[PDB]
Structures are given as structure tokens and as C-alpha cells.
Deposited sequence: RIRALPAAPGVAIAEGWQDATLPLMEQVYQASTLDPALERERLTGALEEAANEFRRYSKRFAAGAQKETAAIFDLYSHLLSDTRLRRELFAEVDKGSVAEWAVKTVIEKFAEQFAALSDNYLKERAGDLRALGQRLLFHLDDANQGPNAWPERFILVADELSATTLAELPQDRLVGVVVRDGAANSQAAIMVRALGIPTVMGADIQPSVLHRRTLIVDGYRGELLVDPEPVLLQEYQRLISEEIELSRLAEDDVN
């Protein structure tokens, strides 16, 4: 029973999973390819899958969870389907690069340019571009180190972290340092994922343990089965 902050409503029970590894962007390295036609075909597949993914999310978000995020996800689905973006990626393939490095090269080049701007509303969107790159790399890896169902435990939560996670398996999130008004908190509410924040917690300890995350009341339960069996044997003697 760890008291904590309700960031997104819902209830979930699953094994805790800590991703203490580097993000997908930072573990891509420059790799040579002798098959230019294939790497271009792998890129058009990921761009279309990611654009389709953003297409349904904005279609779903329009009902209830945010109209703002439905609009932002709508614009990014158009950015993902823009041929100028694909030509930027094909230009790196013609240099003899694999699709993963081509995504890392283009995204970081444009994220750097956005971070250098003085316009306030464009400056802060440099992180969104890295998240889109993280999602692009997510669909390249699909040609399963996660549990069947898990609750994400972490010290920080950002858009880049959620972008390298499968939705079907992610049923809850527990953050030790966070702000319930951050961009990541806005996304989990839009996606309907129970989420708790500001929780005195050690992500390295909740790993590989069954957890119950309660986003309505801001409660986290570690190891519910002993507590259940104790109450059950209590009623038997009653």
C-alpha cells in the first residue's frame, strides 16, 4: 500500500516492468546496407503503419479524452504521410544506410533545428519529433521482451518512453517523479491507461512483481496475493 497521486483514472493488475535500457533512438548505430530496394520498402511500411496509427488515435481521442490531442495527433499523421519526409529518408538510404539509421539521422537533424528556434510554441515540440522517431523505430522491430501484460514502473515518464511500448500489453503506469499536468500525463489520460505519479517507489524493486495500480484513489498495491489469502483464511476462521 503506497500512497500516491492519481494522474489517470482506472484500475489494473499486472506484473511490474522496468525498462532501464536506453531508448531506441540512442541504441541505433550507423550500419551499411547493400540492399537499397529493401530498406526503402521497410521505410514505406513503417511510415504508413505509423501514419495509420496516428489516424485512429485522433479518431478515438475526438470523443471525450481531449480535442487538443486529437488535433495534434491529426497533424502528425499528415507529417508522417508527407512525401517530403519520405524523400528525406530515401536520401539517407541512397548513401548506403539502413532504415533505422535513416530514421535516426532525419529525426535528430530536425529535432535539433526545432530546439534552436526562438518561437516558443515550436521550440518545445522538438521532443514530439523524437517521439515520432521512437514510434518509427517501434514498427521497424516488428518483422517481445515484454510480459503478456505489465504495469510500467519508472522514475520519469515522457512521450518518448510511451512511444516504444505496445498498447495491448501496457495496462498501467507508475511514476516515482512526475507531474500530472505533463505531456505524458495528458497522453495516458487520452489513451485510458490507469496511471499513478509522485509515488515513493523504487522502479528496480517493483520489477518482476505483481502490482495493482488504482488511478481513481491514487493507490498502489505491491504483492496482492498474500493480502488476499490472509483475508480469505481470516474469513474461514470466522
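**Student:** Comparing the deposited sequence with the modelled residues, which stretches have no C-alpha coordinates?
**Tutor:** According to the record, the gaps fall at 144-147, 243-255.
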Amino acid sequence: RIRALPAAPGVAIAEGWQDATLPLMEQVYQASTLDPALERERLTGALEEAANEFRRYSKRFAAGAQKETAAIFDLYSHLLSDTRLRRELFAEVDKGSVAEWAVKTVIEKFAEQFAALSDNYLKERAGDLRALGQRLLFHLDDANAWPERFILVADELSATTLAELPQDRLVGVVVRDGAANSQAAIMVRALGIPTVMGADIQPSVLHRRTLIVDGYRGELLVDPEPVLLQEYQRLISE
From here on, numbers count along this sequence of modelled residues.
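**Student:** Quick one: say whether 215-223 or 7-15 has the higher mean Cα B-factor in the deposited entry.
**Tutor:** Taking the mean B-factor of the alpha carbons in each, 215-223 is higher.
**Student:** Tell me which stretch has the larger mean Cα B-factor in this entry, 58-66 or 185-193.
**Tutor:** Comparing 58-66 with 185-193, the higher average CA B-factor belongs to 58-66.
**Student:** Take the CA temperature factors straight from the PDB entry and tell me which of 117, 71, 98, 152 peaks.
**Tutor:** Most elevated C-alpha B-factor of the set, per the entry: 98.
**Student:** Could you check 50, 174, 171, 38 and tell me which one carries the biggest Cα B-factor in the deposited entry?
**Tutor:** The C-alpha B-factor peaks, among 50, 174, 171, 38, at 38.
**Student:** Against its chain's modelled residues, does residue 83's Cα B factor rank lowest, middle or highest third?
**Tutor:** Its C-alpha B-factor belongs to the middle third of this chain's values.
**Student:** Tell me, lowest, middle or highest third: where does the Cα B factor of residue 123 rank within its chain?
**Tutor:** According to the entry, residue 123 has a C-alpha B-factor in the chain's highest third.
**Student:** Going by the recorded CA B-factors, say which third of the chain residue 143 sits in, lowest, middle or highest.
**Tutor:** It belongs to the highest third of the chain when residues are ordered by C-alpha B-factor.
**Student:** Can you tell me whether residue 24 has a C-alpha B-factor in the lowest, middle or highest third compared with the other modelled residues of the same chain?
**Tutor:** CA B-factor rank for residue 24: lowest third.
**Student:** Thinking about Cα B factors across the chain, which third does residue 210 belong to?
**Tutor:** Lowest third, going by the recorded CA B-factors of the chain.
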